[PDB]
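Data first, discussion second: the structure below is written as structure tokens.
Labels below follow one simple rule: chain letters A, B, ... track the order of the sequence lines, proteins then strands, and each chain is numbered from 1. Note that ligands are numbered from 1 as they come in the structure, with each ligand's atoms numbered from 1 the same way.
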Protein chains: 2
Amino acid sequence: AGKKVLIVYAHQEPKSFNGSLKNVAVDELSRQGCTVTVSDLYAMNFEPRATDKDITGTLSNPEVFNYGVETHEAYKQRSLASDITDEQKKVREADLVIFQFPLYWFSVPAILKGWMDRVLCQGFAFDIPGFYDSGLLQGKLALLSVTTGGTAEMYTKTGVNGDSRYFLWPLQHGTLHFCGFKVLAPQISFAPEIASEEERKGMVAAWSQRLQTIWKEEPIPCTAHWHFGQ
Amino acid sequence: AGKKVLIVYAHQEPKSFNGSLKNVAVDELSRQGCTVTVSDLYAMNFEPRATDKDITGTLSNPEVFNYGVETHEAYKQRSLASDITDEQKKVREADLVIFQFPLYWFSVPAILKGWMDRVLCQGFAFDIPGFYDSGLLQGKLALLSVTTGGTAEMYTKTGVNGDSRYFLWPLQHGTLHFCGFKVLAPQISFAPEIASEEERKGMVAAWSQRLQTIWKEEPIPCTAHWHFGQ
Ligand SMILES: Cc1cc2nc3c(=O)[nH]c(=O)nc-3n(C[C@H](O)[C@H](O)[C@H](O)COP(=O)(O)OP(=O)(O)OC[C@H]3O[C@@H](n4cnc5c(N)ncnc54)[C@H](O)[C@@H]3O)c2cc1C
Ligand SMILES: Cc1cc2nc3c(=O)[nH]c(=O)nc-3n(C[C@H](O)[C@H](O)[C@H](O)COP(=O)(O)OP(=O)(O)OC[C@H]3O[C@@H](n4cnc5c(N)ncnc54)[C@H](O)[C@@H]3O)c2cc1C
Ligand SMILES: CC(=O)NCC[C@H]1C(=O)Nc2ccc(NC(C)=O)cc21
Ligand SMILES: CC(=O)NCC[C@H]1C(=O)Nc2ccc(NC(C)=O)cc21
Ligand SMILES: [Zn+2]
Ligand SMILES: [Zn+2]
């Protein structure tokens with residue numbers, strides 16, 4: 001309290017392990033008195049593709065379509081599609097954005113990649129200047145809560161997949177940091193499908209317990225050193 | 001020589017710099033007598049979202065939808081949606097797959113992320129076990145041709161963005177190598193928007209020039225060391 005949290009959630013199945021994580025997050029943040037909002041991407045049939053439909057009215061160059069320029073102009077002229085502006089409003093109000101998603105190809109599922117591509121437009125999320133430490137969403141926290149098919153050992157530096165931190169870089173540094181977010185340590189729930197039962201409960205309660213003190217956390221140093229170095 | 005190439009292409013605007021890199025690739029590979037096919041994702045309105053619409057028969061578990069399990073099973077039963085199977089046939093016949101795209105958040109645009117998510121399914125592109133060097137697309141080549149907003153200098157170890165290779169890890173290693181491809185060195189065309197008209201033409205010609213001898217190239221060692229040094 002009086003903190004506001006947006007959960008951007010990307011899983012097709014409410015009964016899934018990702019669903020339980022999103023649900024404990026709602027329950028636990030709600031119990032603490034926080035304002036909570038959930039963008040359930042699949043239930044919304046969220047549009048992932050960046051297209052000239054994302055701008056309403058007529059385009060600032062109808063002959064040669066440049067998505068970055070058109071959306072930056074449209075943001076400034078209040079002319080973006082209402083699905084984008086609805087999400088921007090929720091992000092602008094949010095003190096903390098939590099992303100809840102199964103890892104797809106060492107990244108976010110496409111439907112969430114399209115939320116980042118379409119919602120985080122120039123002039124809203126970043127500008128010249130105002131990227132990295134001075135990006136436009138500075139003051140806000142962000143947190144990736146990711147579930148994997150691969151095991152924790154597969155995700156170490158000499159394991160087949162490399163360090164978990166290797167795949168966080170495009171998301172934590174190239175996206176969240178770039179926009180000005182302070183990045184909280186990722187929550188990574190490894191390999192729920194091949195875990196018991198009891199290990200899954202353990203992972204759910206680790207998350208529930210972490211959420212109890214989420215407002216006391218220090219952000220990570222979102223650096224190349226943090227992701228790759230010793 | 002008698003080789004087959006698939007260009008998976010992700011830009012909205014035919015007149016764009018990405019469109020020019022795609023067309024020069026078509027022209028040049030066509031001139032050498034290669035068989036060439038282009039999946040122009042935006043023109044196809046390619047579906048990026050992994051949903052239960054991608055399976056047409058009875059689900060293994062209709063109570064709890066698991067997209068990876070159901071697609072794996074649907075692949076073996078030949079009950080995947082036809083847009084997925086159409087791309088799989090293109091990949092199956094290809095000797096080389098070029099991905100042509102602008103960098104979006106240190107990654108591929110969501111439309112192209114959806115293509116990886118949906119087309120490279122278990123059974124087709126890899127199995128457990130049957131990945132990295134045992135992946136199912138072994139013996140095929142892939143190449144990322146990427147355009148950026150940021151300059152070469154912004155993409156170095158000591159630049160704001162970190163080395164360009166850092167952002168290639170989820171795509172080259174986590175996705176292509178994981179499916180068994182050998183990965184040719186990426187073509188990165190930095191900052192065409194700020195480049196002079198002359199430097200822009202040099203970058204297009206450098207790509208066309210490289211493609212003349214693409215069949216003589218050896219792939220990279222797609223390892224943590226290659227991406228991260230250290
Ligand atoms: C296109 C695609 C690409 C992928 N790429 C990668 C990749 O790059 N790297 C990688 O490692 N993995 C990858 N995966 C695998 C994927 O990340 C995992 O399949 C996913 O993270 C599993 O999370 P889930 O929520 O779907 O698990 P679920 O299958 O829903 O959950 C596992 C089990 O937990 C149960 N459960 C639900 N709630 C609870 C509860 N509260 N307490 C205890 N148990 C509960 C479920 O019912 C289920 O039995 C990929 C998968 C796909 C489809
Ligand atoms: C959602 C989003 C996220 C992004 N994220 C990133 C990021 O993470 N990192 C990053 O660095 N950048 C990022 N960008 C910037 C993006 O990668 C660049 O805008 C894109 O790579 C530029 O390529 P283009 O084909 O669209 O260039 P264009 O604007 O189409 O090309 C530049 C100029 O070249 C001209 N041209 C076309 N053909 C030729 C030809 N044959 N010869 C000479 N000139 C020609 C065009 O007419 C144009 O004037 C992002 C952009 C968006 C919209
Ligand atoms: C042991 C086990 O089940 N491992 C999951 C493998 C996992 C991975 O490490 N990379 C990757 C890429 C795509 C998938 N896709 C699936 C599970 O459908 C899964 C993985
Ligand atoms: C000048 C420049 O574009 N710098 C590179 C940084 C890069 C990034 O990480 N995210 C992002 C988002 C948009 C852009 N540019 C545009 C046109 O949107 C560039 C970047
Ligand atoms: Zn950072
Ligand atoms: Zn590799």
Side-chain angles (χ1 to χ4, degrees), chain A residues 11-13 15-21 23-24 50 64 66-69 71 101-107 109 116-118 120-122 132-133 146-151 154-155 161 167 169-170 172-178 183 189-201 203-204 220-224 226-227, chain B residues 11-13 15-21 23-24 50 64-69 71-72 101-107 109 116-118 120-122 146-151 154-155 161-162 167 170 174-175 178 189-195 197-198 200-201 203-204:
Chain A
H11 200 285
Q12 308 93 337
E13 180 49 71
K15 295 172 178 170
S16 64
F17 188 77
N18 269 268
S20 303
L21 297 175
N23 287 344
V24 308
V64 180
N66 180 327
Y67 187 78
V69 173
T71 57
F101 62 97
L103 188 72
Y104 272 21
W105 293 122
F106 275 35
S107 188
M116 295 159 163
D117 291 350
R118 296 174 71 248
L120 302 174
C121 70
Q122 186 167 346
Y132 293 120
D133 282 4
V146 189
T147 61
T148 69
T151 73
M154 305 193 216
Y155 287 99
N161 291 343
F167 71 70
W169 168 259
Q172 290 189 339
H173 182 77
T175 308
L176 298 170
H177 194 189
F178 189 84
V183 182
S189 293
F190 287 97
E193 306 158 278
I194 76 200
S196 29
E197 211 44 296
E198 279 198 80
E199 272 146 31
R200 292 195 248 106
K201 285 344 196 354
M203 294 190 293
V204 175
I220 60 151
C222 187
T223 61
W226 187 91
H227 287 79
Chain B
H11 200 290
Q12 308 95 342
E13 174 53 60
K15 285 179 213 164
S16 64
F17 195 74
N18 270 266
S20 291
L21 292 174
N23 292 333
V24 297
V64 183
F65 183 71
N66 179 322
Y67 186 87
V69 169
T71 54
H72 182 196
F101 60 93
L103 193 65
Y104 272 26
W105 295 121
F106 271 42
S107 181
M116 315 178 136
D117 291 348
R118 295 174 72 245
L120 309 168
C121 74
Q122 185 175 358
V146 188
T147 68
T148 68
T151 55
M154 283 150 65
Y155 288 104
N161 287 336
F167 75 68
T175 311
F178 181 97
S189 299
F190 293 101
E193 285 168 286
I194 79 126
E197 169 67 6
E198 319 100 88
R200 277 203 292 267
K201 248 137 220 184
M203 291 187 287
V204 174

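With ligand atoms numbered from 1 in the order given, ligand 1 contributes 7 (C), 8 (O) to contacts under 4.0 Å with heavy atoms of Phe106(A). Of all atoms in ligand 2, listed by their number and element, those nearer than 4.0 Å to a heavy atom of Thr147(B) are 17 (O), 20 (C), 21 (O), 22 (C), 23 (O). Atoms of ligand 1 found under 4.0 Å from any heavy atom of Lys201(A) (numbered from 1 in listed order, with element): 42 (N), 43 (C). Interface atoms of ligand 1 facing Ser16(A), defined by a heavy-atom separation under 4.0 Å, are 25 (O), 30 (O), 37 (C), 38 (N). Atom numbering of ligand 1 starts at 1 in the shown order; those under 4.0 Å from a heavy atom of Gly68(B) are 53 (C). Those atoms of ligand 1 with a heavy atom of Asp117(B) less than 4.0 angstrom away are 1 (C). Against a heavy-atom cut-off of under 4.0 Å, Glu197(A) is close to the following atoms of ligand 1: 43 (C). For ligand 1, the atoms lying closer than 4.0 Å to a non-hydrogen atom of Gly150(A) are 10 (C), 11 (O), 12 (N). Which parts of ligand 1 touch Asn18(A) is read off a 4.0 Å heavy-atom cut-off, strictly below it: atoms 23 (O), 24 (P), 25 (O). Near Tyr155(B), meaning under 4.0 Å from one of its heavy atoms, ligand 2 places the atoms 9 (N), 10 (C), 11 (O). For ligand 2, the atoms sitting less than 4.0 Å from at least one non-hydrogen atom of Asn66(A) are 29 (O), numbered in the order shown with element in parentheses.
Distances from the Zn ion (ligand 5) to the N/O/S atoms of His177(A) are shortest for ND1. Looking only at its N/O/S atoms, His173(A) has ND1 as the one nearest to the Zn ion (ligand 5).
Nearest-residue assignment for atom 38 (N) of ligand 2 (options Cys121(A), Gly174(A), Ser20(B), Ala191(B); heavy-atom criterion): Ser20(B). Of the candidates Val204(A), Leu103(A), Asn23(A), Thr148(A), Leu103(A) brings a heavy atom nearest to atom 4 (C) of ligand 1. Residue nearest to atom 46 (C) of ligand 1, selected from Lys15(A), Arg118(B), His72(B): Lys15(A) (by heavy-atom distance). When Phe178(A), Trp105(B), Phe17(B), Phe167(B) are checked for heavy-atom proximity to atom 37 (C) of ligand 2, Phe17(B) turns out nearest. Comparing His11(B), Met203(B), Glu193(B) against atom 22 (C) of ligand 2, the shortest heavy-atom distance belongs to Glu193(B). When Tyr67(B), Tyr104(A), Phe190(A) are checked for heavy-atom proximity to atom 52 (C) of ligand 1, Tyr104(A) turns out nearest.
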One pair to check against side chain to side chain contact (heavy atoms under 4.5 Å, CB included): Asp117(B) and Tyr67(B). What are the steps and the verdict?
CA-CA 10 Å; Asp117(B) 291 348; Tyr67(B) 186 87; 5.9 Å; no
In sequence, state the C-alpha distance, the side-chain angles, and the governing distance for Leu103(B) and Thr147(B), and then conclude on side chain to side chain contact (heavy atoms under 4.5 Å, CB included).
CA-CA 6 Å; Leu103(B) 193 65; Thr147(B) 68; over 6 Å; no
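Neither the backbone nor the side chain of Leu120(A) comes within 4.0 Å of ligand 2, counting heavy atoms alone.
To the nearest 0.5 Å, the span separating CG on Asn161(B) from OG1 on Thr151(B) amounts to 8.0 Å.
Heavy-atom distances between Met154(A) and ligand 1 stay at or above 4.0 Å for every pair.
The aromatic rings of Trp169(A) and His173(A) lie parallel to each other, their planes meeting at an angle below 30°, with 60° marking the opposite boundary. Ring-plane geometry between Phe106(B) and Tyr155(B) is classed as tilted, the angle between the planes lying from 30 to 60 degrees on a 0 to 90 degree scale.
Considering only non-hydrogen protein atoms, atom 35 (C) of ligand 1 sits nearest to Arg200(A) NH1, 3.4 Å. In this structure, atom 12 (N) of ligand 1 lies nearest to the protein heavy atom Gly149(A) N, 3.0 Å.
Not one N, O or S atom of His227(A) sits under 2.8 Å from the Zn ion (ligand 5).
The pair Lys201(A)-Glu198(A) fails the salt-bridge criterion, with no side-chain N (NZ, NE, NH1 or NH2) lying under 4.0 Å from an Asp/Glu carboxylate O.
When distances from atom 48 (C) of ligand 2 to the protein are checked, no heavy atom turns up under 4.0 Å.
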